[PDB]
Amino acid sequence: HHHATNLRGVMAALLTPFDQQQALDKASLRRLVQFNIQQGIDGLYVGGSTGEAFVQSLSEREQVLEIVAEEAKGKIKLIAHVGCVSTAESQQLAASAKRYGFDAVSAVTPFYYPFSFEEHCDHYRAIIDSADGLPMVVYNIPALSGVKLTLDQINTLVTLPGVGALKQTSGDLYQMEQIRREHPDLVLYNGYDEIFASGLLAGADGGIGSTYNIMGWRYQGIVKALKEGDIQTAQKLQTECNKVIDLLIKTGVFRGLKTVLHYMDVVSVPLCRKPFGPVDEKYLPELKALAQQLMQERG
């Protein structure tokens, strides 16, 4: 619990680049990992939902995990999202994660089927087992999983021996604050980017997100401002993030960020995997507009 103090920070949810055939664009991936590190991001959360995990294989996921150890180990933090519906698939990646040098593992509450809470804790323990002492980030996302944990349940999920943090992809800051109060040293990752500033105020000590792949820096400043006690530009940074977040809801959060990064020239093909479609044409104007904008406010 205390051992996980380091896992604190702003961590990007790495996208997975794909080629004209839907295959892993291995080259574009390699670039993106850099694009991220030169932004000054604290760490990368690899193979999560943003990372398109669920339209890939145990193998394909493992290539990414690997192709990212070669690059980003030692320098920044690496959390490996090893989560599948199957517990055994999860432990395969947890051990592949231990192998490849990773700093922590993480798993989405398994989904589609309605598992009990006892079943949920057994899923997690077994992935920790196979983690061979790597920290666990329990990954909580009701919107998309369909899972609905009480407070007490969530309290129990994070005091399992080997649990080090919480991805809280939830909009409830009453709960976010209740979690802090309860576990005063827990590493509490804000998960919805549209409310980072707000989540930090309730007891977060960092976050994870997908938008960082194109404007990471904005999020670090918000942390700085709060440390400082400068409530004013903190809100300027939240506010500008959501004008981008606003547009990435309109286009498609993944195919938007990728159709951006194609303009920043870090992706040969901005595609997501089927069944996800191509971005609609008329956004290209503004998408082209946003890459062009974002490159200059950094440099």
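We number the residues from 1 along the sequence you see.
- As the entry records it, the average C-alpha temperature factor is higher for 123-131, out of 106-114 and 123-131.
- When the two stretches 83-91 and 137-145 are set side by side, the higher mean Cα temperature factor goes to 137-145.
- Across the options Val46, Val266, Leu247, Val55, the residue with the most elevated CA B-factor in the record is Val266.
- Ranked by C-alpha B-factor against the other modelled residues of its chain, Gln38 falls in the highest third.
- For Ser59, the recorded CA B-factor ranks within the lowest third of the chain. Only modelled residues enter the ranking.
- Per the deposited record, the Cα B-factor of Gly199 falls in the lowest third when ranked against the other modelled residues of its chain.
- The PDB entry assigns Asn242 a C-alpha temperature factor belonging to the middle third of its chain's modelled residues.
- Per-chain ranking of the deposited C-alpha B factor places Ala97 in the lowest third.
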